[PDB]
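So that the names make sense, note that chain A is the first sequence line, chain B the second, and so on, each numbered from 1. Side chains included, hydrogens not; waters and symmetry mates left out as well; all remaining heavy atoms used.
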Number of protein chains: 2
Amino acid sequence: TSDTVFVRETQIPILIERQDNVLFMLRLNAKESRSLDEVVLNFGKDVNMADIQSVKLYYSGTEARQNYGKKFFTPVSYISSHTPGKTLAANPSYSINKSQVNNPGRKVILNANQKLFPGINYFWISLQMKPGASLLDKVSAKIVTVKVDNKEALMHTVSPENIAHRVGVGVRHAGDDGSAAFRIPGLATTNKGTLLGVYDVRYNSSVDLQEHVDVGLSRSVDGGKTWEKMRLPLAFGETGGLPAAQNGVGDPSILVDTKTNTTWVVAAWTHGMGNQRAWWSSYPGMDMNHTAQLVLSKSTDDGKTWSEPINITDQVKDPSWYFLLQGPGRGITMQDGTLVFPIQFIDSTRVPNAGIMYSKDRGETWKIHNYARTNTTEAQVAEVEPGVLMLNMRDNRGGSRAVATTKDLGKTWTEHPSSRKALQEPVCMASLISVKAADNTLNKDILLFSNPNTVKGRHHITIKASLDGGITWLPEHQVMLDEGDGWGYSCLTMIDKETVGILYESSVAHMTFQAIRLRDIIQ
Amino acid sequence: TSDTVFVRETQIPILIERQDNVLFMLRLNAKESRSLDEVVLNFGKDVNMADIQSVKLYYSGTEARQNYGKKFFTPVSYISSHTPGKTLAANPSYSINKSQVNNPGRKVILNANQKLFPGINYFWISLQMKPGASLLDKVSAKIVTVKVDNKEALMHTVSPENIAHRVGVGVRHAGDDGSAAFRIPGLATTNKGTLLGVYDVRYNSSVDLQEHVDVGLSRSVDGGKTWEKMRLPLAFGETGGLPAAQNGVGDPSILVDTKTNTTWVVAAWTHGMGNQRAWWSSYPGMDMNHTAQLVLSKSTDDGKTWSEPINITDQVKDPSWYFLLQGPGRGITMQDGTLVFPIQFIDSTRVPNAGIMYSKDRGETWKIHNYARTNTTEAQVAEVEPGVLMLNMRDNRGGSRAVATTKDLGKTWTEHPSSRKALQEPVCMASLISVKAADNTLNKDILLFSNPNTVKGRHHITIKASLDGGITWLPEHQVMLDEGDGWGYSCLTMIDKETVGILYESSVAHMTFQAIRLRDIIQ
Ligand SMILES: [K+]
Ligand SMILES: [K+]
């Protein structure tokens with residue numbers, strides 16, 4: 001009986017700056033087959049071939065005998081998203097480049113000429129884009145033929161038809177600017193159309209506070225196609241005479257004041273605490289020697305320069321709380337001009353609760369009333385209707401987002417019908433934004449939500465849209481961006497009236513940016 | 001305990017090439033204390049000050065409040081032995097240099113001028129040697145006084161008196177020559193006095209075979225003071241057309257044929273097996289497509305150049321075995337000229353057993369008879385009496401080395417009285433060598449043994465000596481080299497008649513070499 005070539009097409013971001021991106025994985029258990037001669041690939045008729053730099057065929061060897069029958073399509077991860085300075089190209093010890101076509105036409109014949117191991121053989125196709133490719137590029141392709149021993153082999157494709165591969169930008173890769181890792185994205189759009197992406201700069205490792213951590217900022221003036229040199233809006237160094245690794249600041253949240261175009265970044269500055277996690281090393285009290293400090297930096301020049309830190313802890317923290325901080329990601333300006341950041345606090349019973357913090361005087365003073373729900377942490381807030389705030393919350397009970405609304409800035413809360421039902425989660429950060437009819441090309445109020453669409457692990461990062469104020473999230477109104485494993489956090493914004501932007505922790509880069517046409521999500 | 005300065009002196013190798021080495025750790029829980037001002041350090045009168053470049057005082061901040069009762073002396077590891085390119089100097093985000101004295105005299109005055117955190121404060125003293133320091137350098141020192149608020153503070157020292165700090169050489173540091181890690185040391189001395197140290201070059205990570213692994217070799221012609229550029233006696237690259245990471249070779253063992261000065265390195269070449277562990281991926285058979293290959297490289301020019309691989313699997317592997325490989329470390333030449341390497345094999349029931357393979361014809365042919373003991377793995381062999389081989393084995397039953405002897409090259413074995421009693425272990429590689437009276441300065445037959453002297457974890461690397469063929473290992477005949485945590489493998493050799501050499505995985509470098517006067521061990 002003939003050997004079958006199994007094909008799995010990927011559904012992960014193709015990074016424009018990467019030298020390799022995994023497009024297809026092939027697996028052949030060679031019982032009769034002696035040689036794989038060539039693979040024939042055909043790109044879709046609508047693909048812009050001028051944006052493609054190269055297509056490559058790699059051989060990645062065999063599998064351990066105990067793993068036969070587990071349906072793996074690779075023996076190992078081919079391209080690192082963690083090794084500093086080694087995240088742009090395939091690890092050459094794992095994959096052998098058999099052939100490559102630079103500036104291909106729509107039909108590509110990739111010469112393998114690979115004698116097969118008597119057993120499982122892994123191959124894959126790498127796609128490399130030109131550095132200037134459009135972020136709205138979609139790539140589709142089919143493997144048409146695989147020639148084995150000078151005959152067309154039987155094929156079986158396990159992945160779905162009509163995959164649209166999307167490109168992206170790795171705004172931050174592991175190792176960039178001397179930092180081991182980047183985590184915890186926030187993203188907003190200024191009134192000038194400028195994109196501001198913030199994140200933790202985790203210099204020593206990927207671990208959470210306490211550690212040597214700054215808040216970094218990447219600024220783009222061309223819709224996310226290019227990003228300016230990293231800025232550091234918040235950084236505490238050797239403040240108070242303690243080492244820099246005992247002065248981390250992180251979990252940033254960004255908002256743009258739409259009335260003035262002033263941008264605010266809020267984060268948690270942790271002082272002391274040895275090398276332990278702030279989540280259980282911040283204690284009751286008010287000063288830096290006991291408890292995490294809530295600090296702001298503002299920019300009045302469209303994100304180019306940033307103020308010294310403004311410590312607002314004494315305005316909003318109850319002394320008996322262990323830890324008050326922002327919900328990472330972004331905040332909002334309400335229609336009436338109120339600025340709002342989601343927040344979370346570990347109360348005096350050591351239980352975390354989400355809520356909101358607001359300012360009615362353009363960020364000069366801030367107020368918190370009551371929590372929305374017990375035993376919740378990271379949350380994002382959206383003005384779903386004028387004067388009605390919806391808080392969408394990470395819930396420690398597991399499995400699904402909690403949702404509540406308030407009409408009085410968090411004095412009182414009402415459980416939403418979608419709560420603990422509509423949006424499954426693995427207990428992870430999620431992004432929520434509201435986009436009003438006046439501001440988007442669909443002329444409909446929409447909610448957009450992003451998270452790992454799973455209840456276990458962090459994978460299948462998905463943007464979901466709701467047309468009925470978050471009551472329903474229809475399957476047809478969703479785009480799955482990244483099937484791979486990552487750290488899972490994401491943040492949304494509108495790039496313009498027709499286009500969604502997302503900054504997130506992906507399987508391919510610590511900070512990944514993608515642009516998605518709104519009409520691709522809601523067709 | 002408040003306002004007492006607690007002191008812990010380290011017992012770890014001082015690497016000659018490091019810019020920092022941790023010599024003392026200080027902890028002060030400051031209740032009444034406001035500033036730590038001045039620390040006075042006095043080196044022992046026998047210390048060679050000309051070999052010391054500088055002494056530094058670092059402040060490393062505070063501790064998490066939940067750990068105040070745990071009696072730690074640091075908040076974090078100060079100097080990495082794992083981060084590529086960053087293993088030579090204190091991480092400056094963890095430690096602030098408050099004071100430094102270059103070209104010190106015997107009495108050193110360090111001025112901290114450090115305002116104290118209201119709570120735990122950590123300080124430490126760094127010792128930096130001059131590049132040409134002697135390997136037999138011993139350094140002793142005492143903290144004489146610590147001034148807090150311009151008064152001499154109460155001091156309490158928790159570490160023992162009369163610590164002799166030894167220097168060492170980091171033959172390989174994580175990241176050297178493009179390799180993430182180095183593991184599994186072997187060490188021998190040629191008839192010319194040349195030191196040959198071998199190890200795994202684990203390019204991608206510290207993970208065991210299968211992976212991209214070569215056998216590396218460092219050669220020293222000056223007693224271990226300096227080491228020549230790394231050689232690669234065994235490396236298989238893309239053999240058979242598989243990726244380099246499916247062609248690893250490792251767990252080397254080295255022996256010098258004392259009759260001819262030819263040096264032999266034996267290692268296990270694993271071909272295929274995906275990215276899984278060879279221990280569970282090698283299967284019965286003889287071909288490279290099924291089972292690990294036992295390969296040799298020889299040097300007939302005092303270790304300078306190495307033959308192409310010699311595959312001896314067919315001579316010594318039983319087809320029914322899952323896996324045959326050498327015991328890592330070294331082999332020997334018996335008095336009568338027989339070459340012997342320890343080995344281990346996973347038999348058809350998938351149980352490992354240690355034994356020996358030998359050659360009576362200068363390495364042309366090799367033979368294995370019977371295992372010494374079931375459910376044993378890594379072992380080292382020594383000729384404890386003429387014609388009597390002692391095999392000292394890692395025993396999966398836990399807690400202690402197994403020991404057996406054979407008078408017929410492994411046809412029959414006798415359990416030694418010391419077996420499973422005399423030498424505790426955490427189930428780890430251990431080194432054993434025999435040194436005849438005529439070959440050392442004491443004119444006594446001795447055995448030397450090194451391992452992590454513990455039943456839990458890999459730390460307290462210790463050299464032990466025996467005068468009665470391993471029946472007794474007296475406490476006074478031991479030197480503890482490294483109290484820190486590491487990967488635990490070690491290998492001994494005689495540098496010359498007066499001096500022991502050890503190459504090992506230490507808490508300060510992946511491949512650490514130290515030279516120890518024999519009379520320091522058996523006084
Ligand atoms: K509109
Ligand atoms: K052979």
Side-chain angles (χ1 to χ4, degrees), chain A residues 66, chain B residues 184 208-209 251 253 266 268 270 277-286 290-294 312-313 315-332 340-358 366-384 388-432 447 449 451-452 454-456 458 469-471 488-489:
Chain A
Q66 65 271 20
Chain B
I184 322 306
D208 297 342
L209 297 170
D251 275 16
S253 187
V266 59
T270 50
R277 303 291 72 69
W279 191 251
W280 295 105
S281 305
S282 184
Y283 288 92
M286 301 293 283
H290 289 89
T291 204
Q293 302 291 296
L294 194 61
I312 63 169
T313 312
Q315 301 187 42
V316 290
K317 188 186 177 289
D318 185 314
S320 71
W321 295 347
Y322 280 70
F323 198 169
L324 168 70
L325 70 160
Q326 66 291 332
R330 64 178 304 163
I332 65 176
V340 187
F341 275 120
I343 52 83
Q344 41 178 328
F345 57 94
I346 302 174
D347 64 26
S348 63
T349 73
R350 223 168 188 174
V351 174
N353 320 275
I356 61 160
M357 87 173 168
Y358 70 93
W366 297 87
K367 181 75 193 170
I368 297 169
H369 298 301
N370 300 314
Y371 62 69
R373 178 174 163 83
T374 63
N375 205 17
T376 53
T377 53
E378 300 164 338
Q380 290 286 266
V381 66
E383 187 173 25
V384 62
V388 186
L389 295 176
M390 173 180 267
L391 193 66
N392 178 308
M393 309 163 257
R394 178 170 169 159
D395 190 322
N396 282 330
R397 300 161 185 79
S400 58
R401 306 294 291 185
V403 184
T405 61
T406 177
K407 299 177 175 68
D408 52 22
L409 300 172
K411 292 184 178 182
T412 65
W413 294 89
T414 304
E415 186 174 48
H416 193 260
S418 69
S419 188
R420 301 289 293 162
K421 299 179 209 72
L423 296 166
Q424 68 180 343
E425 66 154 350
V427 189
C428 183
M429 186 263 179
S431 180
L432 178 74
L447 296 184
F449 171 92
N451 89 329
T454 184
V455 296
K456 191 182 182 44
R458 292 165 180 198
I471 295 293
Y489 287 37

Would you check if B:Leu389 and B:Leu409 make a side-chain contact, meaning some heavy-atom pair closer than 4.5 Å?
-> yes
With sequence neighbours left out, what residues match B:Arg397 under salt bridge (charged side-chain N to carboxylate O under 4.0 Å, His left out)?
-> B:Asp395
Does B:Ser400 reach the side chain of B:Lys421, with side-chain heavy atoms less than 4.5 Å apart?
-> no
With the side chain counted from C-beta on, respond yes when B:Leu324 and B:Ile368 share a heavy-atom pair under 4.5 Å apart, and no when they do not.
-> yes
Of all residues at least two apart in sequence or in a different chain, which pass the side chain to side chain contact (heavy atoms under 4.5 Å, CB included) check with B:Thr377?
-> B:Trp279, B:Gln344, B:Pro352, B:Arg394, B:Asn396
B:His416 side chain reached by B:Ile471 side chain, heavy atoms, under 4.5 Å = yes
Would you kindly say whether B:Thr291 and B:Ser282 are connected by a side-chain donor-acceptor distance under 3.5 Å?
-> yes
Residues that B:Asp347 engages under side chain to side chain contact (heavy atoms under 4.5 Å, CB included), provided they are two or more places apart | B:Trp321, B:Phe345, B:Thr349, B:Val351, B:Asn353
With B:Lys367 via side chain to side chain contact (heavy atoms under 4.5 Å, CB included) - residues at least two apart = B:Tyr358, B:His369
Answer yes or no: is there a donor N or O on one side and an acceptor on the other, between the side chain of B:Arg350 and the main chain of B:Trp280, under 3.5 Å?
-> yes
Rounded distance (nearest 0.5 Å) linking atom CZ of B:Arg401 with atom SG of B:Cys428 = 8.0 Å
Got B:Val266 and B:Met357 here, is their nearest side-chain heavy-atom distance under 4.5 Å?
-> yes
Tell me, please, which residues at least two apart from B:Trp366 pass ring-ring contact (aromatic ring centres under 6.0 Å, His included).
-> B:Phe341
Can you name the nearest heavy-atom pair linking B:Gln326 to B:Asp251, along with the distance?
-> NE2-O, 2.8 Å
For B:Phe449, what residues pass the ring-ring contact (aromatic ring centres under 6.0 Å, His included) criterion, not counting sequence neighbours?
-> B:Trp473
Donor-acceptor contact below 3.5 Å, side chain B:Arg458 vs main chain B:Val427 = yes
Please round to the nearest 0.5 Å and tell me the distance separating atom CG of B:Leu391 and atom CZ of B:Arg373.
-> 11.0 Å
